[PDB]
Structures are given as C-alpha cells and as structure tokens.
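Notes to accompany the following structure.
Only this structure's heavy atoms are used, side chains among them; waters, hydrogens and symmetry mates stay out. Labels below follow one simple rule: chain letters A, B, ... track the order of the sequence lines, proteins then strands, and each chain is numbered from 1.
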Amino acid sequence: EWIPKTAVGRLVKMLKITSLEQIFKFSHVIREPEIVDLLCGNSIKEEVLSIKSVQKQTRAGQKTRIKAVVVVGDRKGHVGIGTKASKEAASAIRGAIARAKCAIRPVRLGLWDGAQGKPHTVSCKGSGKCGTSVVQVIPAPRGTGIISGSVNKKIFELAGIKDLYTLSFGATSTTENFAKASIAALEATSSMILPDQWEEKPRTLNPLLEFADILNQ
Amino acid sequence: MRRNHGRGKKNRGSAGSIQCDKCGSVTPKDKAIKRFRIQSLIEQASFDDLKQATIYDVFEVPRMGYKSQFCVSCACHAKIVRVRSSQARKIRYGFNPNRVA
Amino acid sequence: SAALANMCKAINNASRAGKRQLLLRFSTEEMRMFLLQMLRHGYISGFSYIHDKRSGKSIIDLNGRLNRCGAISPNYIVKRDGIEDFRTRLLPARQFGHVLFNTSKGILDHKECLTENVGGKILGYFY
Amino acid sequence: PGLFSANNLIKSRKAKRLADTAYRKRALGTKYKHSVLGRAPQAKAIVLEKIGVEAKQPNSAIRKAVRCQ
Amino acid sequence: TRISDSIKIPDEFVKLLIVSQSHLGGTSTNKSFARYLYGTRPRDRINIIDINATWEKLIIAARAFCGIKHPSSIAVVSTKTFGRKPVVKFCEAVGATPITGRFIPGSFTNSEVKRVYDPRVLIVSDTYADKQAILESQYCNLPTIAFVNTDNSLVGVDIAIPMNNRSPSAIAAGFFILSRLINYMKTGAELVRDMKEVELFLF
Amino acid sequence: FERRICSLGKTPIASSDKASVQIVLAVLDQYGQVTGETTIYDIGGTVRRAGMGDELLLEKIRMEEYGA
Amino acid sequence: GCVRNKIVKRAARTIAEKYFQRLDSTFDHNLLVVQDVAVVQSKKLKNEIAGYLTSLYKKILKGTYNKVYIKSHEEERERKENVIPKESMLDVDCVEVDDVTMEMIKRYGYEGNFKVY
RNA sequence: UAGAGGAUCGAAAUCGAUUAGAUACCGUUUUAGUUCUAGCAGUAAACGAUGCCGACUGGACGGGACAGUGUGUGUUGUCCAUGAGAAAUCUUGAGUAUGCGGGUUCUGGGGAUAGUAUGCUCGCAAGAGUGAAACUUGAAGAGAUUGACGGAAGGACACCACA
Ligand SMILES: [Zn+2]
C-alpha cells in the first residue's frame, strides 16, 4: 500500500538497496518511516520513555497538550529517538514513533581488551551534553552487565551492548535531556579516529548514481 | 537593556554634569538629550507686511541657532523621544558634515 | 615545562582547524624530546627548528591522526607500581595511546618502563 | 599546587571546611550544649498539665499535647 | 599552476569576454579574493580579474556537468530578470532543467509544495540574489556551481567561476561560453563556430 | 561499521552529515573529449560550511589530474 | 466595496489558462462561454467571473500581466521578441583596451586589435 | 576641628495653598552648609556589578599616537561568523571539549535571625574594621515563554464620535 515518494524510497521498493548500511555510508536523509520497517523487518522494538502535560493560555481558552518521548532500535547496532506533542496520548505516541525511525543511526562496538571475539561493549570513552545534563560511558569487561539508571538502560539495550559503566552529572530529572545526552555519548565514542582507520580505501559512487538508469525507466 | 548602559562614555571615570533646561536637575553631560535648531527671527506669516515696511532697498531677515538640553524624564514626557521596539532601539541618526550644501 | 604545556595547546588548536603546519616562536630542549617520540610512533610527519640567539623557533608538520595531546603539571613522582593507575585515568581505551615519563634512562612511554623496571616523573600523554 | 606546596594546601582547605554547619558543631565541640535531653535517645518525665494546640493552616484541627517535667 | 587551462585554448573568446565587460569587477575585495585578482586601476578604483582564472574554472565546471549521465537532473537557478532569458536558453542547448523567478522556500525539503524538485547538481547565477537556493542545498547533499563576482560570500559553494554578475551582457556571455564546452567535450562539436547567436542570449 | 574519509581534511564523515557532498569529474580524453571514466572526491559538512572548501579543491586537482 | 473574492478570482484564472483561445474582448461573448464551461448556480457569480475575465484579457493580450502562464500564448510573444537585431557585439574592431588590462594581455599573449586609451 | 570669606542655591525652622487628613510634593520669609587655607575621617550602584601575569586563535568598517612609504607596533569603538553558555547575551573573551592539570592569590556553601549581640583595634565625635549563637522556616532566587492588567505610547476607524 506504500506508494513511495522519494528517490531512496523507490530503490528500496525495487530491492536495489538491500541493507541499511548502504544508506548510512553516504549520509542520505531518510524521509519515510517505511524505509526502516522493510530493511530491518520485524526486529524493531519500541519503548515509551516519558509522557507529561503542557499548558498554554490564550484569548480563547487554555490548551492542554500531551508530549511523548520514544526510542527504537533493533538489537544489533542501530538506535533512534523522537518526540511529539499532540492533543491526545495515543496520537502522540504514534507520531513520535515515525520520528524515531527517521533518525536511526549506527553505533560502533568493540572489545574490552585484545582483538579476538565478538564485540560486546563500546569502543572507547565518550561523553554527551544537553542542558547541564552530562553522561559518561566507560567500556566494561566481559560478563559485567549494564550498570546505569533505569531509563539509560533501555537505550543501551536496544543498541546491542552487553557491558558498560556510566557516571552522570548535572540535572538529570529532566528526562528528555537525560535521554539526549546519552544518545550523544554514543555518537562520540563512534567519532574518534582509531589506528585501523589510518590507511585509506578506494572510492565509489553513492547508490543514487549507480542505479541512475533504473530511476527513469 | 542597553550595551551603552544608557550613555555615551568610554574609558574615563567621570564626565561633568549639567542642569536640565526645564526642571533644573543635575545630569551627566554624556547622558542628556541634546537638540540643535535654527529659527527665523521673524515669523513666516509676517513676511509680506515686512516688505512694504522696510526702508532699505535690500533686507535679509536674521536667523539664530539654539542648543537645548533635557533629562530623560523631561524628554520622554515632552515626546522629544519615544519608546521603540527591541530591534529598532539600535538605529542611530547623524548629520554628515561632508554634505554639499 | 611551561614551554611543554604551551606547545600542546597550540597543537590542539591547529589539529581542530585542519591546518597542515604550525609555527611557534619558541623552542626548548625537552620540548624536542617529546616531539621525537610522536614521530617514531607515527603521529606527526616531521619537524625542524631554527637557531637565532633568541628563544628559538620550531615548525611542526601535522598528519591527520592525532586525537589529543596534553601535559601534566606538576610532574608527580611515580614508582614502577603506580605506572598503571595513571594509564586508566588518561587514555580512552586499552589498545592505543602513550603516557610518557622522564626516567633515568631517558624518555620512555608506559610500555617500555614496565620492561625495564623503572619509574620517574610524568610529562604528558597523547592518543 | 607546586610539588613542594603541601603545607599551603592543608592550611587552606581546613579553613574552607568550617563553612559547613554540620562539621562546625563537631569541630568546636558544641553539639550537645543547647539540647533538652543531651545524648540520650529517650527520656522520662512526669506530667503537669494537659493542653490542646491548633494545627498550622491550611489545616483545621486541634492536636493534643502535654506539659511535662 | 597554468596547466589546467593550457589543455585548451581561449580561441578568440578573449574578444567576447572583453567586449561585454566580463572582467570589470567592483570597488571592494576581501582577503578571500586577491588570488583570483590581477589588479585595480587608479582612474575609477575598479578591480580587474584575471582571464586565466575565468578560464581555469570553466574547464572544471564543464567536467563536473559531463560527469552526470542523464543531464535532465541539473537544475539551473536565476531569480533576477537579467537572467530570465540567458538561463532558459542554456537548457535546450544542453538538456538541463530550468528554475526561474522567485525561489519558494521548501522546494527541496517539503513534499507538499506546488512543484517538487530533486536535482543532483545545482548551478546559480548569483549568490546574494539566489540566497535561498544555496542555503537549501545544505539539507539534501547537493553540490553547487556559482558565478561569484567580487564581494559575494563563498560559503556552501564548491566551484566558483569569478566573473561579472551585474551587467545584462556579461550574464549572457558566461552562459554562452560554458554552453559550447559541454557540447564540445561530449560530442565532436566545434568551439568557435559562430559569434552571432550570443545575441539570442541577451535580455 | 564504516565511515568515509574526507578528501580535504582527512576527517571521517558521519552519517548525519547532511551537508556533505560527493563530486565526480570526467576523465578527459586528450584532444578535448570524454572517454568514460570519472574521479571521485568526498567532502564533509564542516569544510563546506565555513566557506573555504573552494580554495582547497582546485589545489588538490592540481596534484592528481594536472600534476606536471 | 467592489472587490472580487478568491473563489471568483481563483476560478477566472483556471478558465483563462485552459479555454484561453476561445475568449475575446467583449462582455457579451465571455459570458456566453462561462455558461458553457463552468457549473455554478447563482447568476450573480457568472456575471462576475465574466466581468473579471474581460479585464484580464485586454491586460494579458496587450501589455504586461504575468502570474499566469498560458501555454499557447508563449509562442507568439516569443517568436516576435527573438528577432535578431541589426548589430551584434562581434562587429566593432577598434577595441579600446585599457592599460592594466593591456599588460594582462601580453603576459599571456592574446590576439586581436587592442587600442590602449 | 581651627582660622578667613559670603554672590547663588538651600537641609532644619516657618507661614500660604492643596487635601477626608497631609508634620509632604508646589510656593513665601529665613539658616547650617555650598568656597579657600591647614588637618581629621575612610565610606559609595567607589560598577564593565567582570583577580593579576603567560601561550595560541576568522572576517568587515573605523578612530588616536609614532615610524615608514603602499605597510608595521602599542592602544581602542561598532557589526557579523566559528566556539561557548541555563538563557539574556559574550568576540583580546563569558573562546581553546567531563577530550577535565600553564604559575600564583582571594571569596561563596538553602532562606531568615543579622552585618545584629559580645570581645578587641582605631577615631574629638558621627562611627569604621573584624564578627556569632539560641530560636525559627520549605523555599527564597536567575533568565526566558504565553496570558491578564497600566491614572502606558502609536496607527486605523465610527452621526449609539465630533465638524
Ligand atoms: Zn528635566
């Protein structure tokens, strides 16, 4: 029933883009939440983190409104967060899930020591900030768990991590700032140059120029 | 409110004071509102009757210049200066001494 | 060691702006021993210094590979058993980075000091 | 903060600590001076009178108390 | 230096570039410039811009256009009225997609606007005039080519062809010159085969 | 996990970099024609947005495509 | 108070774009057409769609009124404006080059007839 | 505090108005003081409410001094980015990563009691400097958002407004 609307959406319908790691590599904006259901099919879980009420005064009545914060990720390397405020609570949760899907990102995973095994923890230390809220992640040895707060825990499990330490600072009872400071702490560990990214690779064309002929006809 | 803090004074401690022309209160000279005007000595609705009265064959009516000086309360009340919006507060107007006539 | 800390802040500034070279208007003897330990580990391309009978001059050639460098003041005294606690405080992971000490055998990083049974005064780090 | 400056740091940090109220009662030894029962956790008393006290608003009530010795 | 422009020869185009005042810049110049520049005279305090500069960059701009197989996805943009005629002529001679008039905010990002677009390369006749089109390219991964004059900003621009923007003649001169390279470098065409059709480009 | 590396700053490019762009040029046959090949360049959003991403691009083209 | 609403203006532009070559410049003709094309009920509405059209027609057809793009009319107005004038800018030969423009010529060695001022 | 001086203005005092009442705003009569010399005192929204010294860092339009000749050094005003910040805002810093260490000081640790008692040092005094507790109490505070109100300012209007 999904009649796609953009170029990247059309290719995913024709099975020219088979994974999600083909879009992340060239930084192509995802505009439709159906491109994520069909490339990570039925391994996408959800978690409602928070819901509260907002109020405004005008010349025609006080408007009450509901805000929701939601996170999604499969269990492997992807995770995203979104948020919306609408009249009733069911349409706010459902609209904030379409925004979380369109903000999926990848996460780099690594080992605590050595170079052998399958990755279980974060690749180095990192921190994130959002309005005086500060989160620190530290890589943990195998068979440790995820030691952190409750709402932090649901973000680090949907990303595919198994071992981690955290320390937090600042005003963390603003639960939407606490959730954004900890998504930025994973984007920081994944943004450091490691000594195996030192040697270059050959260049290639993004998928909008490889499949140029298929677009017209 | 303002980056001036309300007055045109930089890199000096004190700056001299004056007495307002309407109420007579003491104010810094850099903070007062100052206006300059050149008025004809004779009113404009009286020039015709003055051209038949003159005894000289060529007459020029005189003009004088006047500088005025008021305080913030006296200029705001008299509508010499008005309340402006946040962005329009930053617009300064000058004189350009290099104008040709 | 006031010249060692001035040099590390000017390097962090250029490595963030994307510069290729850096010219500083000073140069000391142990500032050049610290730089020679980044060259043999692959983190800079090279350098060169001038003699002018003033405080000296030095020109560093950057690479694209440095994440950060620092200096520690004051220069604490660490026994060979306390080498490993300073490593968990200063480097992000267990596989890369180098902490440098001034021992009775020269300037060594934290892997060599353990294979020679010595301690000394801490100077800085880089990863 | 030089390497030979530890006497300047003990002198400085002891004086800042006195600005904590809980620490100041212990350090100056005046934590039990103005206290109606001193160091006991419970105490005995004989009952003189039997009074009633108003609640503090916004609560309407009368709480029953006693005057003792 | 002078090796990218020496692979072709400005065959007689020195006339068409000097006749229409395509080298007369402006009074002001930034430290961004002074590398495309030749000099400024004392008579009118006008800045003169090198002709190899305008020829070195037109060689690169033509090679980026040809890199796209289907040229029906290279939008050209011009808001002002002097460019209404030149731009529409430089789309049948090549095969691009023209966008003239005022630029509607939301053309590339909003999918509920009058007409929707999605080019792979963008060409602009003026940076300060087509301000919105440059700014909107930074939301959809789009390269841009410009015609920076002397005082414009170079932000969000990759290839800058230093030329003249004000005069109606110089605007049509630039689009004529670049038009023949794209035919020359694709098919077996001639560079100087006529100098009378530059009257069809002028406003 | 992989990230491209910028062609002008040697910085790896993130996936949420929506101002980063890719440029392909035609491999110019001698005698002024196109033969059928291209050369790719990658740029990141930071260099492109500060406005200096133009003085650095032609400098690099002089080393790989018109060097000597 | 003789302003025409949006539903009566917005409709006359749809008519002037599809059935444009069926309309000419008199009220009694354009009213006959809007009875053929449109389907409204109020006889006051056709009277105003027809009266706004006859003003659009002698604007579009004589001078300047953009904001509507008539496909069939973008040929007559274009084939008469592309008349090549009697002189091109490749005719003058006494090109009065300047001085600093001149010394930029010989250092690259350009060809032509450049007369300094 | 001592001497000299005395135009103008003016606490305190005093009448006349205004007012329900005004020991006030406004006015009349009239002083200490306001000035100079020699000293005491030691406080201010003494404010950019913004320690001192050292290293490094994009643009645009200016000013003031010196020296050169198409520029430089020391200072300084306005406006834009990058970066920073809770935000307002900051641009030789309020920038240089919680990626946290250049040298060396001072001050703060919920509100109120209270800069109050007491001791001590200084002063002719008026006072200044240093400086608590018992008892009480759940907030006091910063910046910004939408409303409501102003014995607030504008621009439009109307024979339930004027002409
Ligand atoms: Zn006054």
Side-chain angles (χ1 to χ4, degrees), chain A residues 54-63 124-138 167-171 174 177 181 185 188-189 191-192, chain B residues 1 3-5 8-11 13-14 19 24 76-77 79 81-86 90 92, chain C residues 1-17 19 22-26 66-76 89-92 97 122 124-127, chain D residues 1-2 5 8 12 15-25 28 30 33-35 56, chain E residues 28-32 151 153 155, chain F residues 46 49-52:
Chain A
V54 159
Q55 268 156 39
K56 176 198 207 273
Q57 307 184 112
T58 83
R59 210 164 184 107
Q62 162 184 333
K63 294 192 187 298
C124 60
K125 301 185 65 151
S127 167
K129 201 179 198 255
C130 193
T132 76
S133 188
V134 158
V135 176
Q136 215 171 14
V137 305
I138 310 103
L167 305 166
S168 85
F169 306 87
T174 316
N177 282 8
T189 79
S191 188
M192 181 154 278
Chain B
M1 209 152 173
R3 179 168 169 133
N4 266 1
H5 308 298
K9 184 201 100 166
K10 294 292 170 177
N11 285 303
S14 86
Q19 213 149 357
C76 278
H77 198 256
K79 286 301 152 274
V81 87
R82 280 193 213 67
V83 166
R84 287 192 302 182
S85 73
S86 203
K90 307 213 206 185
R92 306 162 71 82
Chain C
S1 284
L4 193 69
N6 285 343
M7 177 188 80
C8 283
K9 288 175 189 185
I11 290 189
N12 282 327
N13 272 330
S15 157
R16 201 176 162 159
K19 301 294 194 174
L22 204 166
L23 175 95
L24 302 165
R25 293 202 249 117
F26 54 90
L66 196 73
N67 287 311
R68 185 162 187 91
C69 56
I72 308 285
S73 315
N75 296 330
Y76 305 110
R89 275 190 280 166
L90 299 174
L91 307 171
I122 195 174
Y125 60 95
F126 57 85
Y127 49 87
Chain D
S5 81
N8 286 326
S12 165
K16 294 159 93 55
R17 212 191 161 175
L18 283 185
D20 176 23
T21 48
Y23 180 60
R24 196 186 328 145
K25 313 260 194 148
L28 307 172
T30 48
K33 258 176 187 58
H34 317 280
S35 74
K56 174 261 301 177
Chain E
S28 311
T29 297
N30 329 116
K31 287 155 55 190
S32 284
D151 64 347
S153 68
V155 311
Chain F
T46 309
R49 215 178 304 136
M52 88 183 77

Q | Between H:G74 and H:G102 - P atom distance, rounded Å | A | 26 Å
Q.
Counting the atoms with a prime plus P, OP1 and OP2 as sugar-phosphate, which does C:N67 contact under 4.0 Å by heavy atoms, base, sugar-phosphate, or nothing?
A. base
Q: Look at all strands and tell whether D:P1 reaches a base, only sugar-phosphate, or nothing, counting heavy atoms closer than 4.0 Å.
A: sugar-phosphate
(Q) Distance check, P atoms only: H:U29 and H:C15, in whole angstrom units. (A) 15 Å
(Q) Taking the P atom in each of H:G72 and H:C52, what is the distance between them to the nearest angstrom? (A) 30 Å
Q. For C:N75 and C:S1, what are the C-alpha separation, side-chain angles and deciding distance, and is it a side-chain contact (heavy atoms from CB on, under 4.5 Å)?
A. CA-CA 9 Å; C:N75 296 330; C:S1 284; 3.7 Å; yes
**Q.** Contacts of type salt bridge (charged side-chain N to carboxylate O under 4.0 Å, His left out), residue E:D151, not counting sequence neighbours
**A.** E:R166
Q: State the sugar conformation of H:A20 as north or south, using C1'-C2'-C3'-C4' as the deciding torsion.
A: north
Q) So which one's nearest nucleotide on RNA chain H is more toward 5', E:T29 or D:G2? A) E:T29
Q. Just curious, H:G74 north or south if you read off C1'-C2'-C3'-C4'?
A. north
Q. Hey, does F:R49 reach any base, or is it just sugar-phosphate, or nothing, if we go heavy atoms under 4.0 Å?
A. nothing
Q: Would you classify C:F126 as touching base, sugar-phosphate or nothing, given that sugar-phosphate means primed atoms plus P, OP1 and OP2, and contacts are heavy atoms under 4.0 Å?
A: nothing
Q: Using the closest heavy atom to pick a nucleotide of RNA chain H for each, name whichever of C:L24 or B:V83 lands nearer the 5' end.
A: C:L24
Q) So, B:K9 side chain and B:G13 main chain: donor-acceptor pair closer than 3.5 Å or not? A) yes
Q) Does RNA chain H take part in any stems of at least 3 consecutive Watson-Crick or G-U pairs (both distances under 3.5 Å), and if so, which ones? A) H:1-4 with H:35-38, H:51-53 with H:102-104, H:58-63 with H:75-80, H:119-122 with H:127-130
Q) Which glycosidic conformation, syn or anti, is assigned to H:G70 if syn requires a torsion within 90° of zero? A) syn
Kindly list each side-chain donor-acceptor pair under 3.5 angstrom involving residues 5-12 of chain C, sequence neighbours excluded, with atom names and distances?
residue, atom, partner, partner atom, Å
C:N6, ND2, C:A2, O, 3.2
C:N12, ND2, C:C8, O, 3.2
C:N12, ND2, C:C69, O, 3.2

Q) Are the six-membered base rings of H:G138 and H:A139 centred less than 5.5 Å apart, with their planes inclined by less than 30 degrees? A) no
(Q) Does C:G70 reach a base, just sugar-phosphate, or nothing at all? Heavy atoms under 4.0 Å. (A) nothing
Q: Name all residues meeting the side chain to side chain contact (heavy atoms under 4.5 Å, CB included) criterion together with C:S73; count only those two or more places apart in sequence or in a different chain, and write none if there are none.
A: none
Q | Whole-Å P distance, H:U35 and H:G21 | A | 43 Å
Q: Pick base, sugar-phosphate or nothing for C:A71, based on heavy-atom distances below 4.0 Å to the nucleic acid.
A: sugar-phosphate
Q) Which part of the nucleic acid does D:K25 contact within heavy-atom distance under 4.0 Å: base, sugar-phosphate only, or nothing? A) sugar-phosphate
Q.
Among residues at least two apart in sequence or on other chains, which ones pass side chain to side chain contact (heavy atoms under 4.5 Å, CB included) with A:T58?
A. A:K56, A:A60
(Q) Between H:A45 and H:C90, how far apart are the two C1' atoms, rounded to whole Å? (A) 23 Å
Q) For H:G74, does the glycosidic angle fall within 90° of 0 (syn) or outside that (anti)? A) syn
Q. More than 12 heavy atoms of other residues, nucleotides or ligands under 6.0 Å from CZ of B:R84: is that the case?
A. yes
Q: Identify the two heavy atoms, one from A:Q136 and one from A:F169, that lie closest to each other, and give their separation to 0.1 Å.
A: OE1-CE1, 3.7 Å
Q. With a non-hydrogen cut-off below 4.0 angstrom, is C:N13 in contact with a base, only sugar-phosphate, or nothing?
A. base
**Q.** Non-neighbouring partners of A:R59 that pass side chain to side chain contact (heavy atoms under 4.5 Å, CB included), sequence neighbours left out
**A.** none
Q | Anti versus syn assignment for H:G51, with syn defined as within 90° of 0 | A | anti
(Q) Looking at H:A84 and its strand neighbour H:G83, I'd like to know if their base rings stack, meaning the ring centres are under 5.5 Å apart and the planes differ by less than 30°. (A) yes
(Q) Say we look at H:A114 and H:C79: how far apart would their P atoms be, to the nearest angstrom? (A) 47 Å
Q. When you check the sign of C1'-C2'-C3'-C4' for H:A45, do you get north or south?
A. south
Q | Any residue meeting side chain to side chain contact (heavy atoms under 4.5 Å, CB included) with A:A188, in chain and number order, not counting sequence neighbours | A | none
(Q) What pucker do you get for H:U43 when you go by the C1'-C2'-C3'-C4' torsion? (A) north
Q. Should H:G155 be called syn or anti, with syn set as within 90° of 0?
A. anti
Q.
For a quick check of understanding: with a heavy-atom distance under 4.0 Å over all strands, which category does A:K129 fall into, base, sugar-phosphate or nothing?
A. sugar-phosphate
Q) Partners of E:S32 by side-chain hydrogen bond (donor to acceptor under 3.5 Å, both in side chains), sequence neighbours excluded? A) none
Q: Name the first nucleotide and the last nucleotide along RNA chain H (5' to 3') that come under 4.0 Å of a heavy atom in chain E.
A: H:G59 to H:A60
Q) What nucleic acid atoms does C:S73 come within less than 4.0 Å of, heavy atoms only: base, sugar-phosphate, or nothing? A) base
(Q) Mind checking if A:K56 touches a base, just sugar-phosphate, or nothing, with heavy atoms under 4.0 Å? (A) sugar-phosphate
(Q) Can you check the distance between H:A44 and H:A84, where both ends of the measurement are the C1' atom (answer in whole Å)? (A) 35 Å
Q: Mind running side-chain contact (heavy atoms from CB on, under 4.5 Å) on C:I72 and C:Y125 for me, showing each step along the way?
A: CA-CA 8 Å; C:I72 308 285; C:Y125 60 95; 4.1 Å; yes
Q) For C:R89, which contact category applies under a 4.0 Å heavy-atom criterion: base, sugar-phosphate, or nothing? A) base
Q | Near-parallel close bases H:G143 and H:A144 (centres under 5.5 Å, planes under 30°) | A | yes
(Q) Stacking test, H:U91 against H:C90: centre separation of the six-membered rings below 5.5 Å and plane angle below 30 degrees, yes or no? (A) no
Q.
Working to the nearest 0.5 angstrom, can you tell me the gap between C:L22 CG and C:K19 NZ?
A. 9.5 Å
Q | Syn/anti state for H:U98 [syn: chi within 90° of 0] | A | syn
Q: Could you give the distance separating H:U116 and H:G33 at their P atoms, to the nearest angstrom?
A: 31 Å
Q) Using the sign of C1'-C2'-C3'-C4', would you call the sugar of H:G93 north or south? A) south
Q: Please indicate yes or no: do H:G72 and H:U73 satisfy both the under-5.5 Å centre distance and the under-30° plane angle for their six-membered base rings?
A: yes
